[PDB]
Amino acid sequence: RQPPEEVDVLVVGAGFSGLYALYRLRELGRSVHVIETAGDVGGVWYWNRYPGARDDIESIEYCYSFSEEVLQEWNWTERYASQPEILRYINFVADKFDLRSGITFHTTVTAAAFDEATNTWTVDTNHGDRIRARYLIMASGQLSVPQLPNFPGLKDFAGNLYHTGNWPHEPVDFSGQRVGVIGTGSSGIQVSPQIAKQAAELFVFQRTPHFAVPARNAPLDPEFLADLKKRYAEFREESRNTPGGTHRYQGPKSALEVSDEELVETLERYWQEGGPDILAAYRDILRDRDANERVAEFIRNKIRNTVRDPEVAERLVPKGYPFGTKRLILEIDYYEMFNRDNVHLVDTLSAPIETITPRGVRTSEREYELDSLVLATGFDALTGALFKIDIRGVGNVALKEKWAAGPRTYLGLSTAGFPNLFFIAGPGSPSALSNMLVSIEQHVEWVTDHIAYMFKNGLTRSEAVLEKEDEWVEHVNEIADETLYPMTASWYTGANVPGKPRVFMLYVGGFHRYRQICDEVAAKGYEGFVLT
Ligand SMILES: Cc1cc2nc3c(=O)[nH]c(=O)nc-3n(C[C@H](O)[C@H](O)[C@H](O)COP(=O)(O)OP(=O)(O)OC[C@H]3O[C@@H](n4cnc5c(N)ncnc54)[C@H](O)[C@@H]3O)c2cc1C
Ligand SMILES: NC(=O)c1ccc[n+]([C@@H]2O[C@H](COP(=O)([O-])OP(=O)(O)OC[C@H]3O[C@@H](n4cnc5c(N)ncnc54)[C@H](OP(=O)(O)O)[C@@H]3O)[C@@H](O)[C@H]2O)c1
């Protein structure tokens with residue numbers, strides 16, 4: 001589908017973010033078009049088609065709320081939706097609002113440059129398209145550029161190589177194979193139990209163990225759903241008015257104030273219920289090392305009790321960082337998997353990987369021969385997608401250069417020096433620290449409301465004020481430094497990627513507080529922006 005040469009708004013990306021931007025700008029009477037690398041809609045849910053791929057937020061919360069019809073018509077079937085289901089949902093939405101008519105697929109944005117003479121962006125693609133747009137919305141994701149681990153010999157491996165973030169579109173058959181998985185984040189934890197059912201032998205190459213708690217998935221009772229639908233807009237407002245964008249209970253006590261007995265009984269309740277709600281069991285879990293440690297120990301002990309061989313069990317136990325400060329993962333039959341004779345936990349803290357070889361993986365202790373190797377090694381998060389594009393602001397400043405020591409933004413939404421450019425649910429905003437459908441919807445509404453305001457008032461140039469950006473950055477850093485999150489190497493701090501600057505990238509104050517600030521900024525005529 002040939003993109004238009006001129007448009008009010010150009011949107012990069014056709015995942016949840018870009019699809020809602022497209023729809024809402026259409027409803028606002030603006031010309032808008034999307035460019036997307038993928039062959040079809042869905043973003044993460046299009047790319048991450050590995051077996052076992054599944055959301056870690058309840059289905060009834062991980063969904064769009066902008067359409068009453070969608071909320072009433074769609075039937076989720078389980079507690080946590082699988083990738084195939086979520087992709088059917090996204091297709092449903094795209095069909096319902098005729099969105100593909102406004103999207104060019106199989107096309108990658110390669111560069112974009114602001115023209116101060118015209119107050120427009122000129123955007124290039126890898127098909128030779130040149131598009132001129134007044135406003136540029138980067139809906140290009142947070143976890144959208146797969147990261148390879150930092151090991152030699154990958155190109156020499158003679159077997160089949162996969163990354164979970166670029167999985168094949170046809171099922172992959174691992175029957176009778178010796179298979180390795182590198183990475184035990186959410187992606188490794190989900191894929192490994194599925195591989196284990198086909199492989200002759202599965203080797204799981206763990207570096208730092210990640211905390212994971214049971215999902216306790218279950219079918220969603222259609223009666224509960226029908227009931228929820230009679231108050232769905234209300235239920236969703238309840239979610240928007242929280243720090244996390246879900247119904248998670250905000251435990252009012254301190255993990256230090258309670259007795260050991262009360263702690264165990266309260267944590268046991270969360271462990272049996274399943275899901276990530278334990279993160280908020282007590283108010284200070286992410287704020288006080290000793291509080292955090294009480295919870296962490298309870299979890300570590302549950303992990304130990306899951307695997308019979310106590311040497312294997314102990315190698316599964318996360319150490320050296322606070323519970324919750326790498327993103328909490330939900331597991332289904334992952335720990336149980338290691339009791340199987342054909343699954344092998346390779347502890348690469350103890351025996352670091354030296355190289356990939358034609359046959360497999362060599363650690364400092366031995367060579368593992370493999371027919372296939374699956375990389376669940378994560379993503380170049382938050383900034384990665386943007387840094388693959390040659391984005392140039394005023395005075396030919398490269399975004400990649402301005403952000404070389406970390407992302408610098410006002411509200412996460414724009415950066416000084418780069419007018420008319422907006423980032424959806426990225427650094428400087430709650431982003432992944434909230435249910436992302438809540439984060440995404442609020443960003444899309446705020447940005448598209450702003451663009452509508454500009455057009456209504458006959459303005460053409462919107463730029464974040466440098467001083468306000470510097471004050472925002474410092475503020476993000478100061479509130480993060482009251483938490484334990486900067487203490488740990490995670491993708492939230494860029495520690496994922498050799499050479500990337502280590503700074504915590506997200507707003508930790510909660511979605512609700514962030515939303516209030518955004519509302520106040522807009523109400524005052526976009527204070528901290530200069531509009532002309
Ligand atoms: C496997 C996985 C599971 C997740 N599960 C949850 C969860 O349970 N709960 C939660 O809150 N969040 C979770 N997320 C986080 C997730 O990023 C969001 O929930 C949301 O799906 C992001 O939507 P988005 O549209 O902002 O970005 P994406 O879904 O990443 O879509 C961005 C799109 O932009 C395209 N693109 C990027 N650069 C260019 C370019 N230069 N030119 C053209 N196109 C480009 C990409 O191909 C992609 O299709 C998960 C993420 C992953 C990776
Ligand atoms: N259930 C879901 O909803 C779901 C599923 C998948 C992903 N997600 C989202 O996507 C995010 C990313 O998850 P992920 O599991 O893809 O990535 P990840 O959380 O970034 O984990 C990457 C894994 O790869 C290992 N790794 C990276 N580089 C390595 C190297 N050079 N050598 C050895 N190991 C290496 C890491 O070890 P170290 O920890 O030791 O670095 C870690 O085990 C999640 O946190 C979440 O936001 C959600």
Side-chain angles (χ1 to χ4, degrees), residues 16-17 20-21 24 61 65-66 135 137-139 142 236-246 248 250 280 283 286-287 382-383 386 403 406-454 457 459 462-483 485-486 492-493 503-531:
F16 281 120
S17 295
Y20 185 37
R24 205 171 183 274
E61 306 270 15
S65 74
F66 71 85
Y135 299 95
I137 298 181
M138 304 299 300
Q142 307 75 220
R236 180 60 157 242
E237 293 182 3
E238 298 171 332
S239 302
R240 298 196 203 100
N241 281 273
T242 60
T246 76
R248 184 171 305 167
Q250 305 181 236
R283 64 178 190 255
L286 291 173
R287 312 191 130 254
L382 295 159
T383 50
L386 290 163
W403 292 8
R408 305 190 62 81
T409 58
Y410 180 51
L411 308 180
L413 284 163
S414 280
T415 187
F418 290 74
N420 292 8
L421 172 66
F422 303 95
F423 314 108
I424 303 304
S429 74
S431 177
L433 295 184
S434 152
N435 170 3
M436 301 216 55
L437 255 296
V438 167
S439 296
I440 289 169
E441 282 190 333
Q442 186 265 335
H443 265 192
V444 168
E445 293 152 11
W446 192 101
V447 165
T448 61
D449 277 355
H450 177 57
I451 294 174
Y453 177 92
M454 295 291 285
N457 287 285
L459 301 169
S462 169
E463 189 190 2
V465 178
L466 175 67
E467 189 264 325
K468 303 284 1 226
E469 165 175 294
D470 290 337
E471 196 174 298
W472 188 254
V473 173
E474 170 60 25
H475 175 62
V476 170
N477 296 343
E478 113 213 332
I479 63 166
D481 288 345
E482 297 168 14
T483 75
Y485 269 123
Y492 296 140
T493 70
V503 206
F504 192 81
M505 295 178 272
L506 298 185
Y507 177 89
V508 304
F511 171 77
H512 189 350
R513 177 178 170 213
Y514 173 86
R515 192 273 305 155
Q516 286 185 130
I517 286 160
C518 293
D519 279 358
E520 292 164 349
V521 157
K524 294 178 169 158
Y526 301 94
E527 149 176 318
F529 290 83
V530 45
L531 312 184

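Numbers for residues simply follow the sequence, beginning at 1. Computed from heavy atoms alone, side chains included, the values below leave out hydrogens, waters and symmetry copies.
The closest side-chain heavy-atom distance from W403 to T415 is below 4.5 Å. By the 4.5 Å heavy-atom criterion applied to side chains, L382 and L506 are counted as neighbours. Within the 4.5 Å cutoff, no side-chain heavy atoms of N457 are placed close to those of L531. Residues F16 and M436 form no side-chain contact, since every pair of their non-hydrogen atoms from C-beta on lies 4.5 Å or further apart. Taking 4.5 Å as the limit, some side-chain heavy atom of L437 sits within range of a side-chain heavy atom of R236. Side-chain atoms of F529 and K468, non-hydrogen and from C-beta on, never get closer than 4.5 Å to each other. In this structure, the side chains of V476 and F504 stay at 4.5 Å or more apart for every pair of heavy atoms. Contact check for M505 versus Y492: no side-chain heavy atoms found under the 4.5 Å cut-off.
Sorted by first and then second residue, the pairs that involve residues 408-420 and meet salt bridge (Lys or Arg N to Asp or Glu O under 4.0 Å), not counting sequence neighbours, are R408-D470.
When all heavy atoms of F511 and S434 are compared, the pair lying nearest together is CB-OG, 4.0 Å. In plain terms, the two heavy atoms of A425 and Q142 that are nearest each other are O-CG, 3.2 Å. The two atoms that bring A139 and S17 nearest to each other are CB-CB, 3.7 Å, heavy atoms only. Nearest heavy-atom pair across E469 and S414 is OE1-O, 4.3 Å. A pairwise comparison of heavy atoms in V508 and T483 identifies CG2-CG2, 4.0 Å as the closest pair. When all heavy atoms are compared, the tightest approach of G525 to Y453 is CA-OH, 4.0 Å.
Once rounded to the nearest 0.5 Å, the distance linking OG1 of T383 with CZ of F423 reads 11.0 Å. Once rounded to the nearest 0.5 Å, the distance linking CD of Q442 with CG of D519 reads 7.0 Å. With rounding to the nearest 0.5 angstrom, the CG atom of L466 is 12.5 Å from the OH atom of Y410. With rounding to the nearest 0.5 angstrom, the CD atom of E441 is 14.0 Å from the CZ atom of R515. The OG1 atom of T242 sits 8.0 Å away from atom CG of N435, with the distance rounded to the nearest 0.5 Å. Once rounded to the nearest 0.5 Å, the distance linking CG of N241 with CD of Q516 reads 8.5 Å.
Between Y507 and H475, the ring planes are tilted. Angles from 30° to 60° get that label. Using bins of under 30°, 30° to 60° and over 60° for the plane-to-plane angle, the ring pair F422/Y135 lands in the tilted bin.
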Q: Check the pair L433, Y485 against side-chain contact (heavy atoms from CB on, under 4.5 Å), reporting the backbone distance first and the verdict last.
A: CA-CA 11 Å; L433 295 184; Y485 269 123; 3.6 Å; yes

Q: Assess whether side-chain contact (heavy atoms from CB on, under 4.5 Å) is satisfied between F66 and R24, documenting all intermediate values.
A: CA-CA 9 Å; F66 71 85; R24 205 171 183 274; over 6 Å; no

Q. Given the rule in the side-chain contact (heavy atoms from CB on, under 4.5 Å) test, do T409 and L413 qualify, once you have shown the distances and angles that lead to the verdict?
A. CA-CA 7 Å; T409 58; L413 284 163; over 6 Å; no

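Between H443 and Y514, the ring center distance clears the sub-6.0 Å criterion.
Applying the side-chain hydrogen bond (donor to acceptor under 3.5 Å, both in side chains) criterion to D481, with sequence neighbours excluded, gives no partner residue.
Side-chain N or O atoms of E61 include none that pairs as donor or acceptor with a backbone N or O of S239 at under 3.5 Å. Under a 3.5 Å cut-off, the side chain of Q250 and the backbone N or O of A280 do not form any donor-acceptor pair.
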